[PDB]
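Trainee: Have a look at this fold, sequence not included:
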RNA sequence: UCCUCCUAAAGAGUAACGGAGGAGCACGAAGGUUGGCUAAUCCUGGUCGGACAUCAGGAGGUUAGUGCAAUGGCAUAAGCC
RNA sequence: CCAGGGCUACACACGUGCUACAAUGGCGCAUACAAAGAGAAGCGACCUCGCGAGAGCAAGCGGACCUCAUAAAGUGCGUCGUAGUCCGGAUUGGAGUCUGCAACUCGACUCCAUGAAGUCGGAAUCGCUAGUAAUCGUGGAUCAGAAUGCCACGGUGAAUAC
Ligand SMILES: Nc1ncnc2c1ncn2[C@@H]1O[C@H](COP(=O)(O)OP(=O)(O)OP(=O)(O)O)[C@@H](O)[C@H]1O
Ligand SMILES: [Mg+2]
Ligand SMILES: [Mg+2]
Ligand SMILES: [Mg+2]
Ligand SMILES: [Mg+2]
Ligand SMILES: [Mg+2]
Ligand SMILES: [Mg+2]
Ligand SMILES: [Mg+2]
Ligand SMILES: [Mg+2]
Ligand code: NA
């Protein structure tokens, strides 16, 4: 949306001068957003996973992909094929539409918001963030929902380092400390 | 809870507190005034109050100003 | 009908529905209607949605269920960490106002465990 | 011997029924005139009579399905009514299976276990629950409606 | 998109009490009114107004009216 | 009675009341074909979440997998949809 | 002899009580009918201030005159319409008044908020034959302050005894 051309018109020029880039497109860019939540206790009951899937489809207008256990582990008593959690990945336009409304309404609605930590990068330039609450998004009316299941936001950028990854997210007015 | 006026402390504690602040931190004061309220000038001291058998060292911090000296000295043992 | 948390109870007089807010009792309830121009006898489902707006802001001047739980929590938590005598009685789960524990005080001790 | 037991959820305390005057009759002389009634939380109230006098039409309008010319039946504040009709065939339709049919009736228990046990407690083997719920016969149709009120 | 297996996704008008009228695409079905957005959220000026819990010495000193 | 390895001396075969393990089945798809896909284990970052669930990157390379014991095999996959 | 602490400690058990579980009851407004008793480093009118505990000035009374001191159930109107509720009042946080050198261990009371167990109680067991049982209020002793206990006073007032 507006964030996309804002990136084209401002962020590219902001980062080109800062890091002394020689080519136009060597500046990093975000390529996808991955949303999930592993309900886990859906081992006992099935209707929780269908409820979580309805939440993710409300937060982002896509049907979540149900994910199943990769290997049987006796610690939590699960086996291969058991659906454990959902997953949604956003690319292109729908990525920006969710991204713009994450940084502008959802995060400011966090109860006792103090600031998102800037040391959450995975060592290559990608950002991961928990939310602990699915009510901060306006698409939840607090009455349909029953549980307090949290999401897991992942920012997959093409940055070669977290030093560049921090700068790219900062140029989008990301609430770091 | 005391009354409308006059946070009540004994002279001998108040007199001893005055000489305690003139030399910074010092040795703990061996006092018996459990009823004496903690004045703000007692912050940072290491007053020792009687619990019946043993003077216990209580280190007065900024948050203990409305309480009394014997309030931080348990006087009966359990388990 | 709808205040800070929820004014769910309908069919009830005004001075009773506002009692459902954690932080509003009875005299604090009557303070709202005295300055809101609404009589005590008035029903919640009968008053207009415009007067709900005036009810909302008067309640907001007090401290209610949201921030009052935090406000109370620090009051208890301060004593516990400070190591006061009342802090000890909060940790041990015994009455703090200096009363009997020989046979009574089942409210703080709880169910009888022999 | 199937092992069935019914347990409450809120257990109202004062009374359940409140009937003022029923005066319900289909196409002939009305089967009852007023029938002032009160239950008082218990009183298992065995309705009786020879067949054809309208004891089943009393219960059907006591639960609010058939509208009477009465003045309402005034259930309690938190009544959770469980119905076992004299004829029970509309429930066993749409070719749900034994496990499928039982599953939707629940409020807090889990879908895989704690409904297999309740369904399997009343004599339903492992291979008996993977067949359509409409092909059941007689007592098993009745036994389902006892299990229906187990989780409910 | 896989042809009507997803919820409806349209454009709504989300606005704040202090303005902040920003058009967005969401799945609610009706416009939404909320508090101050990230533009006017006091996460960058109320820091001193946020860490203020406490105060006992000065409160007693007020009661020292003699 | 049948199957796998060693004794069995680099073709086949080769004994002992020699050393070790399995079978008396299963599947109407777990067969045929076409299209597509690639694991274990680790690190980092991430709400409940934890040594270990689900996710995002990187190392690794088949140390995974095969309805069933062992041997031989399998990336053109015989493994997974 | 003195200061501080204890007799107020709490996995637990018992005895005697107070308050409740409500609709012949809660709450608001108005309105009546008592007896007995105490008071001088004491009872302390009236008025003003404080929502209240009380504070300031302060007459009278060592008294059938003055103070404590309004008695309360009852009575009429309204509301609540069977809910853990407009029942219940524990526990806890905050802000205070007063007696006292001193209210932390441990005082009473008032205000704001919080508002729990309890929806008539197992085996067993207690009191009462008439102004009695049942309930409602009041005073006195001890006492600087500190009673649901003790001693006493009256109001309404039964059922049954073959
Ligand atoms: N829809 C109807 N139309 C006409 N008459 C009806 C209708 N339903 C019931 N009746 C008649 O009214 C009476 C009510 O009978 P109903 O079907 O309620 O069962 P019942 O009398 O309790 O019988 P049973 O003891 O055999 O179950 C009967 O005489 C019946 O014939
Ligand atoms: Mg050979
Ligand atoms: Mg050879
Ligand atoms: Mg030979
Ligand atoms: Mg095969
Ligand atoms: Mg192929
Ligand atoms: Mg094949
Ligand atoms: Mg002594
Ligand atoms: Mg004693
Ligand atoms: Na019938």
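Mentor: Perfect, I can see it now. Numbers count the residues shown, from 1 in each chain, chains lettered A, B, ... in the order given. Ligands and ions are numbered 1, 2, ... in the order given.
Trainee: Does chain E have contacts with stretch A:54-62?
Mentor: Yes: applying CB under 8 Å from any CB of the partner chain, one finds stretch A:54-62 touching chain E at A:57-58, A:61-62. C-beta coordinates here come from the backbone N, C-alpha and C atoms, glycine included.
Trainee: which residues touch the most centrally placed residue in chain B?
Mentor: For chain B, residue B:69 is the residue whose C-alpha lies nearest the centre (CA atoms, centre = their mean; 3.9 Å). For residue B:69, the contacting residues are B:13, B:31, B:33-38, B:47, B:49, B:58, by CB atoms under 8 Å, 6 or more residues apart in numbering or on different chains.
Trainee: Tell me how far it lies from chain C.
Mentor: Taken as CB to the nearest CB, to the nearest Å, the spacing of residue B:69 relative to chain C amounts to 12 Å.
Trainee: same thing with residue D:46?
Mentor: Relative to chain C, residue D:46 is positioned 36 Å away (CB to the nearest CB).
Trainee: Just give the number of residues close to residue 80.
Mentor: All of this is about chain A. Using other CB atoms under 10 Å in any protein chain shown, residue A:80 has 10 other residues around it.
Trainee: That was the other one, I meant chain C.
Mentor: Quick note: residue C:80 (other CB under 10 Å) scores 14 neighbours.
Trainee: Ok, residue A:43 next?
Mentor: Residue A:43: 20 neighbours (other CB under 10 Å).
Trainee: Kindly report the residues of chain B close to chain E.
Mentor: Listed as neighbours of chain E in chain B under the rule CB under 8 Å from any CB: B:5-7, B:40, B:43, B:62-66.
Trainee: no no, chain D
Mentor: Proximity of chain D to chain E (CB under 8 Å from any CB) involves no residue at all.
Trainee: show me where chain A has strands.
Mentor: For chain A, applying DSSP state E gives strands covering A:30-38, A:67-68, A:83-90, A:127-130, A:152-157.
Trainee: Need those in CSV (columns: distance to residue C:73).
Mentor: Listed next are these as CSV, based on distance: least, CB to CB, whole Å:
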stretch, distance to residue C:73
strand A:30-38, 29
strand A:67-68, 38
strand A:83-90, 33
strand A:127-130, 24
strand A:152-157, 29
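Trainee: Which one of those lies nearest to residue E:8?
Mentor: Evaluated over the strands of chain A, closeness to residue E:8 peaks at strand A:83-90, with 16.5 Å, by CB to CB.
Trainee: now check the closest one, is it near chain E?
Mentor: No: interface with chain E: strand A:83-90 contributes nothing (CB under 8 Å from any CB), its closest point being 10.8 Å away.
Trainee: Tell me which residues are up against that strand.
Mentor: Contacts of strand A:83-90 (CB under 8 Å, 6+ apart): A:32-40, A:42-43, A:49, A:52-53, A:56-57, A:60, A:62, A:64-69, A:78, A:98-99.
Trainee: Pull out the buried residues from stretch A:51-64.
Mentor: Using 16 or more other CB atoms under 10 Å in any protein chain shown as the test for burial, stretch A:51-64 gives A:51-53, A:55-64.
Trainee: got the contact list for residue A:148?
Mentor: By CB under 8 Å, 6+ apart, residue A:148 lies in contact with A:132-135.
Trainee: now with 7 Å?
Mentor: Contacts of residue A:148 were listed using CB atoms under 7 Å, 6 or more residues apart in numbering or on different chains, and they are residue A:133.
Trainee: Sketch out the strands for chain E, chain order is fine.
Mentor: Ranges of strands within chain E are E:10-16, E:19-26, E:33-34, based on DSSP E.
Trainee: Can you lay out these as a markdown table showing mean neighbour count and distance to chain B?
Mentor: Shown next, in a markdown table, are the strands of chain E (neighbours: other CB atoms under 10 Å in any protein chain shown; distance: least, CB to the nearest CB, whole Å):
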| stretch | mean neighbour count | distance to chain B |
| --- | --- | --- |
| strand E:10-16 | 15 | 40 |
| strand E:19-26 | 16 | 41 |
| strand E:33-34 | 12 | 39 |
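Trainee: Of all the ones you listed, which one comes closest to RNA strand F?
Mentor: Of all the strands of chain E, it is strand E:19-26 that lies closest to RNA strand F, at 21.2 Å by CB to the nearest atom of the strand.
Trainee: From the chain's centroid, how far away is that closest one?
Mentor: Using CA atoms, centre = their mean, to the nearest Å, the distance from the centre of strand E:19-26 to the centre of the chain it belongs to is 14 Å.
Trainee: just to revisit the earlier point, so how do I select the buried members of the residues of chain B next to chain E in ChimeraX?
Mentor: Buried residues among the residues of chain B next to chain E (16+ other CB under 10 Å), as a ChimeraX selection:
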select /B:7,43,63,64,65
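Trainee: what's the burial count for residue D:29?
Mentor: Neighbours of residue D:29 under the rule other CB under 10 Å: 6.
Trainee: my guess is it is in a strand, correct?
Mentor: No: counting by DSSP: H, G, I helix; E, B strand; the rest coil, residue D:29 falls outside a strand, being coil.
Trainee: Now the strands of chain E in a markdown table, please, with extra columns for distance to residue C:54.
Mentor: Converted to a markdown table, the strands of chain E look like this (distance: least, CB to CB, whole Å):
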| stretch | distance to residue C:54 |
| --- | --- |
| strand E:10-16 | 22 |
| strand E:19-26 | 24 |
| strand E:33-34 | 19 |
